[PDB]
Amino acid sequence: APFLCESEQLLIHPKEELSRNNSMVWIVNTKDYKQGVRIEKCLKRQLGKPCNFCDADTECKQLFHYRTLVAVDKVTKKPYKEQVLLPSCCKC
Amino acid sequence: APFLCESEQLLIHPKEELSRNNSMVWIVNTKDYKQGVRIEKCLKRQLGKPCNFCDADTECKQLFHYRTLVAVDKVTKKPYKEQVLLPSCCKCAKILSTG
Amino acid sequence: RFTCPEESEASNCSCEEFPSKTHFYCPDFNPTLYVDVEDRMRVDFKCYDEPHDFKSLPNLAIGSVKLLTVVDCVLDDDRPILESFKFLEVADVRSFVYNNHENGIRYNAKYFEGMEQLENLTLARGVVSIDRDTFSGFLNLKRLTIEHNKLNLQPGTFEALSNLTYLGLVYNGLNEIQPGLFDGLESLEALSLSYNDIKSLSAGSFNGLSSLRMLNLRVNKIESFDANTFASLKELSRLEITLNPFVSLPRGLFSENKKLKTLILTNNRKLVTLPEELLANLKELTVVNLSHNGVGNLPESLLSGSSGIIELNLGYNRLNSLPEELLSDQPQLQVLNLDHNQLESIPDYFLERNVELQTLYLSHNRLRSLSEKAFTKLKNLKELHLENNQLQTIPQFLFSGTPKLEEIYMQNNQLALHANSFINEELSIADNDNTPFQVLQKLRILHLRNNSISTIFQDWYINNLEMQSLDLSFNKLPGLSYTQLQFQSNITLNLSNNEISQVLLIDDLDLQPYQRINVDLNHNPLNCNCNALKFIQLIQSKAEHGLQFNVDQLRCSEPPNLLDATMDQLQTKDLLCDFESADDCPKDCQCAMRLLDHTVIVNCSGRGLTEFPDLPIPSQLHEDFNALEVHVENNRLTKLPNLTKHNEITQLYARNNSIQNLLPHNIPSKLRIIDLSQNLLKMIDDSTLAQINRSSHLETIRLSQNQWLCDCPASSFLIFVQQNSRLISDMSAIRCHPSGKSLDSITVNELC
Amino acid sequence: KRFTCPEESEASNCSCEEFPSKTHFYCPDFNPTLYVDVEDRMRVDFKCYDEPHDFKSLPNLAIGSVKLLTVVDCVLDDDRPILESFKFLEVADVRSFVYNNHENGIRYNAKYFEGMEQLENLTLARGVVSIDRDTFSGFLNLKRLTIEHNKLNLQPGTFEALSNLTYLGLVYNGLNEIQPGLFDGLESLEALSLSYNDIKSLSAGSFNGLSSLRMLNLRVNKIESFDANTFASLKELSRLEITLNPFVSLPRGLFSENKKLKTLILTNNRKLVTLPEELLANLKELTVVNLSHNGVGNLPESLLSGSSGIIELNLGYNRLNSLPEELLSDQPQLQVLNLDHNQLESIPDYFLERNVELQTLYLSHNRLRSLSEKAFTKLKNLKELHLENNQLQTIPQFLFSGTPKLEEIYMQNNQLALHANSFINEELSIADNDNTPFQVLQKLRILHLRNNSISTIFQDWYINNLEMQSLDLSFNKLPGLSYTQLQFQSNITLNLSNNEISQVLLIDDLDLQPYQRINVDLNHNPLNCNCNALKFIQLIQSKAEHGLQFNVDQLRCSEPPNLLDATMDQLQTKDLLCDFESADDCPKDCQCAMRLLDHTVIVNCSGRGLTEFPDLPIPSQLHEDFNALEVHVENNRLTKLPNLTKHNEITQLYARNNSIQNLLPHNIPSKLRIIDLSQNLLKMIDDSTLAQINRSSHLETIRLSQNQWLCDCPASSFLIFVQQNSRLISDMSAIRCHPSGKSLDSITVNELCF
Ligand SMILES: *[C@@H]1O[C@H](CO)[C@@H](O[C@@H]2O[C@H](CO)[C@@H](O[C@@H]3O[C@H](CO)[C@@H](O)[C@H](O)[C@@H]3O)[C@H](O)[C@H]2NC(C)=O)[C@H](O)[C@H]1NC(C)=O
Ligand SMILES: *[C@@H]1O[C@H](CO)[C@@H](O[C@@H]2O[C@H](CO)[C@@H](O[C@@H]3O[C@H](CO)[C@@H](O)[C@H](O)[C@@H]3O)[C@H](O)[C@H]2NC(C)=O)[C@H](O)[C@H]1NC(C)=O
Ligand SMILES: *[C@@H]1O[C@H](CO)[C@@H](O[C@@H]2O[C@H](CO)[C@@H](O[C@@H]3O[C@H](CO)[C@@H](O)[C@H](O)[C@@H]3O)[C@H](O)[C@H]2NC(C)=O)[C@H](O)[C@H]1NC(C)=O
Ligand SMILES: *[C@@H]1O[C@H](CO)[C@@H](O[C@@H]2O[C@H](CO)[C@@H](O[C@@H]3O[C@H](CO)[C@@H](O)[C@H](O)[C@@H]3O)[C@H](O)[C@H]2NC(C)=O)[C@H](O)[C@H]1NC(C)=O
Ligand SMILES: *[C@@H]1O[C@H](CO)[C@@H](O[C@@H]2O[C@H](CO)[C@@H](O[C@@H]3O[C@H](CO)[C@@H](O)[C@H](O)[C@@H]3O)[C@H](O)[C@H]2NC(C)=O)[C@H](O)[C@H]1NC(C)=O
Ligand SMILES: *[C@@H]1O[C@H](CO)[C@@H](O[C@@H]2O[C@H](CO)[C@@H](O)[C@H](O)[C@H]2NC(C)=O)[C@H](O)[C@H]1NC(C)=O
Ligand SMILES: *[C@@H]1O[C@H](CO)[C@@H](O[C@@H]2O[C@H](CO)[C@@H](O)[C@H](O)[C@H]2NC(C)=O)[C@H](O)[C@H]1NC(C)=O
Ligand SMILES: *[C@@H]1O[C@H](CO)[C@@H](O)[C@H](O)[C@H]1NC(C)=O
Ligand SMILES: *[C@@H]1O[C@H](CO)[C@@H](O)[C@H](O)[C@H]1NC(C)=O
Ligand SMILES: *[C@@H]1O[C@H](CO)[C@@H](O)[C@H](O)[C@H]1NC(C)=O
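Its PDB header attributes the entry to cryo-EM and lists the resolution as 4.23 Å.

Structure below.
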């Protein structure tokens, strides 16, 4: 890991998470692994872990990103099955 | 607070060709707006290699993110699968000197 | 030193103006011979007269210096070169050059008395009938060259001088060979026999060459060989074969040598087949080229046992199919090229055997398609050349195992490629077209100037941030939009001669700072006006932007009025089009309803009947602009309808017609252009003066073809037209019915 | 050859995902916990991000013999072979192994790797507990070994089991101090680096087998002192790099034996203000070295000896004070030097000239005030100089004698007066060019003279140097643009920002060179656009084509009163009136504003001093440079006018604020056309007016105002005729008959007079 902070790379198939307050669109009929995203998770207590080889005021932080959609899956109410508001890379 | 490897994020407009809406009528009505897609890249000084005020690392690299957008194979003909990438984030990674 | 000889009674001299050199006009007693001399470069002279008479020359010996005479200046036969040296005596210079042009001499040992020790030797156009004698005194000899000559060689002629480092025999047209001609020479490692006609390679003809390293057969009409020829020469390093009309090699030809580094087999069309295991375990072999050789098909076992190959080149060769056992023995390879070859289907399980291959060229092959498994174990590619290879499609996971790529030269494509949708099912994802290009992160250069590109893919400006140069000329791209341009890099683009029918550019051009993008648009059937006005002003009167457009050879196509018209001379004021399909116009005329530059336009000049309603179907101006114009002219209306509720218009036209009065209700006050010209106006339109109003829009009444009644009643009409004559577009046409003359010329005293 | 998952359908979990990239695999399907990625027989990258993903239930996977294996924090068996633990994986002969754990530190022994010995690149991180020489003993032909972030301590004999290993490196290992022989058994150690380890101090006993060492790097190892021969114990080291370490001083002659050293780096050596003399002497060779950012106080007279010449030898940010001349003596050559941010008022010159060959040098951010001539005369090889941020106000007449072929110079934040006569001493000796050393500078690529007391601009430089493309000037003392400055025939870029520019003198510079893109910046330059700018105003007014490019929006003319803070867009070139406005003869109550474009002088008076204003001195043509004229009498009652029109050189009259009481066509000028004639009183007319009325000179516009008119027979017909030519009449109704008030057309005259 020639990078700054330890991180976790996961490929979870999320069940309920939305940019708005409603993930029910994705709580029904996602049982054939319709989607999978290589979500990166920072090391536990990222704030308590400033980057190695440095002592900057900015320690490792994890940001977010989105992915909307229009695709028609095998369920009725799927305005966009692609997940939005997803955590992003960890860096100082 | 500023962070190492300042990077520029962009909302790219989705496909506005709209199957060439000028196929049968040539009066545009595509003036609306859609959420687009957010992509961040580190072109600070065209990827200024020393990525931080803290220095101690003169190289930061943009990182894609592959997503397995399908395993359903709902076509009922084949196990259709697909991987899609995009430069989701950029980060600093130290190198190893010759010495 | 003696670069400028002195002038004296016995023999004067004249040193020409040269530092450390001199045009030796020293004799100067007659312009019979002119000499050119440097400190050590040359002493050759323009001996105009064939008889030199060096005795009648100042005979200025300066000792052994590397300068010599080679041109046109000869001596009589049976004479020691010292007699030729009469003008300048030397002490066995290691450099001797001479090029006999007029004739060819036996070059006798008796003739060669005065120069014996030598390193560099040159003979030219002669050396006929020379014994094994002249070589005796030429000790420590290293270099010998033969120009265009003609003589068969006696075997073992040069046995005295085994020290010759370099040999030159080219242009001699060497007829035949003998196993034993050169066996008295061991230090000879440089050798070339181009411009010769050696029929066959005599068994061990090159024997007795202990240290031979360079061999050059370049222009050598040879068709027959033998393994014994190269059996004894294991010390040979690099060999070259060129222009030899042999059909095939003997088996076991090359395994004898070991330190074979480079091999060249260029230009042997007769060469059609190769013996199996030709390159049997020669690790020294690094570069081998067989370009432009009519080789039929490659035998599988050819390169087993050798892995040091770095460059493998086949050139324009007739090879058809490749056994998989050609990369097996060569884990390390740098460059591979198979160009202009009838090969049509690369075996899939081929390239796994190497990792470090860097380039590839399959130009003008017949590659119907490519398998995904080809690129499993390749992480060094920087180029790729598939120009006109009969491709049809690209496997989606073609570049999965090739991320190190930098440039693709797909180029001219005597073939087709559906570049519309890799994945467009109901299950498809609109994030990015799943083209194999997403993997190629560091890709920078790509060309498809001939392929059947359906359209542009998004990922190029998304997943390929290193894109620099791209061409799509002579392709099949229908349209273009700004959303297909967000590349954020200085990229030149060539889309000319593509079927670009229309383009859509937003007026608010957003660019990354210093984003110099240049696009070539010429010979594209471009529809105009429609959604192009923003683009039109973007290109026409383009002041300064990061976007540049090679549009010199472009012309409007769709608008018949603007047929083939240059865009630069064209302007949006000329541009209008209609694609809303509304039935608003009465259809009894031209009945425009188009949007002429953000302005609804109506042109009912199509033979409008008299008293035809001006606006039988006014536009609601929905989703558009209320600026409206009406054109009903050239139409006989001796009386207009002159009745129309206030309608959002700014422009009216009525010519080749007439009027008798006007209604204030008929005329909205948002009007700017009212024609009322070319139409008779005899009667005094008194109500108009009542309806004369300071309208909001810039009134431009061109009241013309009027023949009023110049008199006291409503004579204030002159005051009306004179108080604001700027509004009055024309006053001369006002020429009263009794006296037809401009009203301005008629005063009140004339009126009353 | 190819690899496939045996039974992907055996369990609902443990789903297989095969691509040409890698046979991706993970046991939990929708939310994987274990992860496995093998590409092809070369690299098996996998992880177990959580303990419950137990390898005990993991299905056997026919892993081929790969050359690289990576394990990321996966659960590890206890005192058992790694391969035995991973019986479900069948990698036969792996060549390199990696391990990194976010938790579960483990004591290390041989039994963990008894099956894994044919390996070259072993590396552990974050979990090393104890070595005890057990594991490392049973290895053979190891290529690289690395430990990282483990906070561990070692016995000296631990590594001595394996004598030979190409490379070893320890980072964040948290060693208190090096044991005297910690890596004693080293024979093949080409390079070792201990970057992050707060070592207490160094002992020579820790250094053994030094022959193999070629490189050594230190980053943050918080040491304070060193043994007298710990580094002198060897010479085979080629590169040495120590940084960021709290050592206050060094033993002298610590590297005399180490004569085979090539490269040394000592940067940000905090708490280090002084160095021992002769320490770097006898250094028979050295490729490069930098000692910057160390704040070294003072140096020995010649620290280095024995080396034929080094390249960098930089000491920037070391805030040096005194520079002995005796250094550089051992170095006949050196490429580049930097001494920025050093308390240097003036270099002793002979130290500098000691070397002849030289590339770019930097002396900026220093307290440099004086510059001796004899510092560069023999400096034949030289590149750009970085000397700005120095208290410099004078320079030698010709100091670039060694290197006339200098390319760039950056004199900023200095106080170089550089007046024209400041250089030029013998006025008649030199005429075109002052004795600026620019004559020596036959070329100068880029010059940075912004922020300096630039009193004078020198056009001779364009002749002194002919290779000049980007000139940097700001905060300069130039009063205005200089004549004949565009004459360089090259794409010079220039800046005039925050420079006291008031007038543009470029009409004498008006000359266009083919294929030239000249550039100037116009920022915070107090332009007085009143006079001598109209030609420039129009030149910049829609400059369709010009070799010179401007930055006008950054400028705004302010000096003229009305043209205050007026950028060009605000500015209208037609209102530019020359500032002097002083014919020295115009009335005090009056003003004379000559218009350059109109060739006229605005004769505008003031004060309404008297009704009978005498005629202005029209014959004064402003030194014959303005023949045409314009009379614009402002705020004045008028009764006196030029009888017989002694001044025909005017076509404009104002009559503003006039109290008129008379009229005479002879009094009315003929060539006068544009006459406002406000505040009128005429109730009559003389028929000779039309005879005088002839608009040949210009449009005879008239605007009768406040006018009492008596409409009667002679004047009515006259008004009819004039209305026939009413194109020169401001308003017909302006007649407005004082008794009645009506229109000329409405009235008939027969009833009035019959
Ligand atoms: C006979 O001809 C051979 C032709 O190769 C001469 O060998 C080479 O001659 C050159 C100059 O004549 C020698 O100088 C070389 O010049 C090149 C070009 O400037 C330079 O790059 C080399 O570093 C070298 O200075 C060269 O040393 C020599 N030998 C080689 C190339 O192996 C030979 O000198 C000629 N002898 C006589 C007696 O004429
Ligand atoms: C693409 O083409 C553009 C032309 O529009 C090239 O412009 C160059 O852009 C860079 C930064 O993007 C400029 O560097 C900086 O410029 C500013 C102002 O000029 C200066 O103050 C900075 O110190 C720095 O030098 C560069 O000057 C500019 N060059 C021009 C306008 O001639 C750009 O190089 C091309 N390539 C890319 C990757 O954008
Ligand atoms: C175990 O460690 C050794 C070093 O002790 C590794 O050998 C080195 O491997 C790297 C990359 O794997 C090589 O880097 C490449 O070198 C070529 C040489 O020209 C260069 O062109 C490339 O740009 C790249 O830098 C390096 O050369 C190589 N060492 C030597 C002496 O060749 C070895 O790879 C490690 N084991 C594994 C499995 O990686
Ligand atoms: C340290 O020694 C070398 C590298 O310096 C590594 O290779 C080992 O070299 C020794 C010779 O000093 C070999 O011992 C003998 O080698 C010959 C020929 O290889 C063999 O026929 C004998 O039976 C005997 O083994 C040793 O085998 C060889 N081992 C390997 C794995 O190459 C050595 O691995 C380094 N490390 C150690 C712990 O020796
Ligand atoms: C020629 O000289 C006369 C002096 O008689 C100048 O007249 C002066 O013009 C200025 C123009 O700024 C007047 O100031 C402004 O006047 C307007 C008038 O309504 C007022 O609204 C503003 O608030 C401001 O006060 C000034 O009053 C006026 N003074 C007189 C005595 O006439 C005239 O401007 C000169 N011509 C030039 C400079 O071209
Ligand atoms: C080839 O070169 C060798 C030397 O490289 C020549 O041998 C030398 O001959 C001279 C002749 O008198 C002797 O003085 C030397 O002692 C000899 N040296 C060696 C090493 O043998 C040999 O004569 C040359 N052959 C020729 C010119 O045919
Ligand atoms: C551009 O592409 C076209 C077709 O895609 C090429 O035209 C012909 O293509 C067929 C394909 O089977 C060939 O058999 C013909 O020989 C081609 N004709 C010619 C004249 O080449 C055309 O060659 C391509 N042009 C370029 C410059 O690549
Ligand atoms: C110019 O140099 C002076 C010298 O002290 C400095 O104070 C100033 O900040 C510099 N910059 C400007 C814009 O004056
Ligand atoms: C200077 O700019 C002009 C265009 O303004 C260009 O033609 C010329 O080539 C440039 N100068 C050089 C040396 O390139
Ligand atoms: C001249 O005097 C009149 C009379 O009051 C006044 O209305 C007018 O404004 C004055 N003109 C000027 C320029 O002051």
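That covers the picture; the talk isn't over yet.
Q: In this structure, what is going on with the overall build of chain D? I would like to understand it.
A: For chain D, the helix and strand inventory stands at 8 helices and 31 strands. Over its C-alpha trace chain D gives a radius of gyration of 46 Å, far above what one expects of a compact globule, namely 27 Å for 754 residues. By principal-axis analysis of the C-alpha atoms, chain D measures approximately 145 × 85 × 40 Å. Considering only contacts in chain D between residues 6 or more positions apart, those separated by 24 or more positions represent 59%.

Q: In this structure, what is going on with the overall build of chain C? I would like to understand it.
A: Secondary structure summary: chain C contains 6 helices and 26 strands in total. Referenced to the eigenvectors of the C-alpha coordinate spread, the extents of chain C come out at roughly 135 × 85 × 40 Å. Sequence-distant contacts, at least 24 apart, represent 60% of the contacts inside chain C between residues at least 6 apart.

Q: For this particular structure, what's the right way to read the interface of chain B and chain D?
A: By a widely used convention, the size of an interface equals the accessible area lost when the partners come together. Taken together, the 4 residues of chain B in the interface contact 5 residues of chain D. Taken together, the residues of the side of chain B that touches chain D sort by class into 1 nonpolar, 2 polar and 1 charged.

Q: Whenever I open this one, the state of the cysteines confuses me. Can you help?
A: Disulfides are covalent bonds that connect the sulfur atoms of two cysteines. The residue that forms a disulfide with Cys5 of chain A is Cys60 of chain A, at a sulfur-sulfur distance of 2.0 Å. Between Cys5 of chain A and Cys60 of chain A the sulfur-sulfur dihedral comes to about -90 degrees; the bridge is accordingly left-handed. Within this pair, whereas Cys5 of chain A is found in the segment before β1 (7–10), its partner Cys60 of chain A is found in the loop between β3 (39–42) and β4 (61–65), the two being separated by 55 residues in sequence. The partner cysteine of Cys5 of chain D in its disulfide is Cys16 of chain D, sulfur to sulfur 2.0 Å. Where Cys5 of chain D bonds to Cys16 of chain D through sulfur, the torsion about that S-S bond is close to 65 degrees, and the disulfide is right-handed. Pair noted here: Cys5 of chain D is in the segment before β1 (15–18) and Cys16 of chain D is in strand β1, with a separation of 11 residues, a long-range link.

Q: Hey, could you run me through the sheet that holds strand β20 (residues 408–410) of chain D in this one?
A: Sheets are built from strands paired through backbone hydrogen bonds, the pairs being either parallel or antiparallel. All names here are of chain D. Strand order in the open sheet formed by 6 strands is β17-β18-β19-β20-β21-β22, and the pairing between neighbours is parallel. Lying at the two open borders of the sheet, with one neighbouring strand each, are β17 (337–338) and β22 (470–472). As paired strands, β20 and strand β21 (residues 446–448) are joined by 3 bridges and run parallel to one another. For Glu408, the partnering residue across the bridge sits in β21 and is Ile446.

Q: Please explain the sheet that holds strand β26 (residues 673–674) of chain C as it appears in this structure.
A: Judged by pairing direction, the sheet is parallel, and its 4 strands sit side by side in the order β23-β24-β25-β26 (chain C) without closing on themselves. Either end of the sheet is taken by a strand with one partner, and the two such strands are β23 (600–603) and β26 of chain C.

Q: How do you make sense of the domain arrangement of chain C when you look at a structure like this?
A: Residues and elements named next belong to chain C. Looking at chain C, the domain boundaries give domain 1 (477–573) and domain 2 (578–706). A C-alpha centroid distance of 36 Å is found between domain 1 and domain 2. Contacts between the two partners involve 5 residues from domain 1, matched on the other side by 4 residues from domain 2. Of the residues belonging to the side of domain 1 that touches domain 2, the class tally is 2 nonpolar, 2 polar and 1 charged.

Q: Just checking my understanding: could you explain the interface of chain B and chain A for this structure?
A: Contacts between the two partners involve 26 residues from chain B, matched on the other side by 28 residues from chain A. Those elements that provide at least two residues to the side of chain B that touches chain A are β4 (67–70) and β6 (89–92) of chain B. Its residues assigned to classes, the side of chain B that touches chain A shows 18 nonpolar, 4 polar and 4 charged.

Q: Which parts of the structure should I look at to understand unusual backbone geometry?
A: In terms of backbone geometry, most residues other than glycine have negative phi values and most peptide bonds are trans. At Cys591 of chain C, a residue that is not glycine, the phi angle is positive and equals roughly 45 degrees. Tracing the sequence through the fold places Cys591 of chain C in the loop between β22 (547–550) and β23. Even without a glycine there, the phi angle at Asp565 of chain D is positive, about 55 degrees. Within the fold, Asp565 of chain D resides in the loop between β26 (548–549) and β27 (590–595).

Q: For this particular structure, what's the right way to read the pairing of β1 of chain D?
A: Every regular strand shows the same layout, with side chains that alternate between the two sheet faces. Across 4 bridges, β1 of chain D lies against strand β2 (residues 23–26) of chain D in antiparallel orientation. If you follow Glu17 of chain D over to β2 of chain D, its bridge partner there is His24 of chain D.

Q: Sorry if this is basic, but what is going on with the pattern of salt bridges here?
A: Pairs may arise between side chains of opposite charge once their charged atoms sit close together. Residues and elements named next belong to chain C. Salt-bridge contacts for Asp471 lead to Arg449; the nearest nitrogen and oxygen are separated by 3.6 Å. Remark: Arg449 occurs in the loop between β16 (445–447) and β17 (469–471) and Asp471 occurs in strand β17; sequence separation between them is 22 residues. Three or more residues joined by partner-sharing salt bridges are found here, namely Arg218, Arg238 and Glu240.

Q: When you look at the side chain of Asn293 of chain C in this model, what are you seeing that I'm missing?
A: Residues and elements named next belong to chain C. Locating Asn293 in the fold gives a position in the loop between β11 (287–289) and β12 (311–313). Within the structure, the side chain of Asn293 is placed 2.5 Å from the backbone nitrogen of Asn267, a separation counted as a polar contact. Discounting residues that sit within four places of it in the chain, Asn293 has contacts with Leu265, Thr266, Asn267, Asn268, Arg269, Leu271, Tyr316, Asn317 and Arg318.

Q: Just checking my understanding: could you explain the side chain of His647 of chain D for this structure?
A: All names here are of chain D. Following the sequence through the fold, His647 ends up in the loop between β29 (630–631) and β30 (652–653). A polar side-chain atom of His647 sits 2.5 Å from a polar atom in the side chain of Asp615. Among all residues touching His647, those that are not within four sequence positions of it are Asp615, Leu616, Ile618, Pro619 and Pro642.

Q: For this particular structure, what's the right way to read the environment of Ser501 of chain C?
A: Residue and element names in this part refer to chain C. Secondary-structure assignment places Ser501 in the loop between β19 (492–494) and β20 (502–504). Distance from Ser501 to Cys528, taken between C-alpha atoms, is 8.7 Å for residues 27 residues apart in sequence. If we ignore the near neighbours within four places in the chain, the residues touching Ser501 are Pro478, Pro525, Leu526 and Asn527.

Q: Which parts of the structure should I look at to understand the packing of aromatic side chains?
A: For any two aromatic rings, the description comes down to two numbers: the centre-to-centre distance and the angle of the planes. Note on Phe437 of chain C and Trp460 of chain C: the rings are 5.7 Å apart at their centroids and 65 degrees apart in plane angle, and the pair reads as edge-to-face. Taken together, the positions of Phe437 of chain C in the loop between β15 (407–408) and β16 and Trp460 of chain C in the loop between β16 and β17 put the pair 23 residues apart, joining distant regions of the chain. Taking 4.6 Å as the distance between ring centres and 10 degrees as the angle between the ring planes, the aromatic pair formed by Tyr172 of chain D and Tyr196 of chain D counts as stacked. Residue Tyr172 of chain D is found in the loop between β11 (167–171) and β12 (191–194), and its partner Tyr196 of chain D is found in the loop between β12 and β13 (215–218); the two are separated by 24 residues along the sequence. What links up through ring pairs into an aromatic cluster is the set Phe375, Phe399, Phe422, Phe437, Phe457 and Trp460 of chain C. It is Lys91 of chain A that lies over the ring of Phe3 of chain B; its NZ or CZ is 3.2 Å from the centre. One residue, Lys81 of chain B, lies across the ring of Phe397 of chain C, its end atom 4.9 Å from the ring centre.

Q: Even after reading the chapter, I still don't get the environment of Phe135 of chain C, so can you show me in this structure?
A: All names here are of chain C. Here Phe135 shows up in the loop between β5 (120–123) and β6 (143–146). Residues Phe135 and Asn108 lie 27 residues apart in sequence; the distance between their C-alpha atoms is 9.7 Å. What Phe135 contacts, discounting residues up to four positions off in sequence, is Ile130, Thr157, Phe158, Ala160 and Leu161.

Criteria and cut-off values
Residues numbered from 1 in each chain as written, not as in the entry; some residues may be left out. Chains lettered and ligands numbered in written order. Heavy atoms only, no water. Residues with missing side-chain atoms left out of burial classes, pairs and counts. Helix = DSSP H or I, 4+ residues; strand = E, 2+ residues; numbered from the N terminus. Rg over C-alpha atoms; globule rule 2.2 N^0.38 Å. Contact = heavy atoms within 4.5 Å. Nonpolar A, V, L, I, M, F, W, Y, C, P; charged D, E, K, R; others polar. Disulfide = S-S within 2.5 Å. Pairing = 2+ DSSP bridges. Domains from an automatic or database assignment. Salt bridge = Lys/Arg side-chain N within 4 Å of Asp/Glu carboxyl O. Polar contact = N/O pair within 3.5 Å; in protein donor to acceptor, adjacent residues only side chain to side chain. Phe/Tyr/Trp six-rings, centres within 6.5 Å; stacked < 30°, edge-to-face > 60°. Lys NZ or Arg CZ within 6 Å of the ring centre and 35° of its normal.

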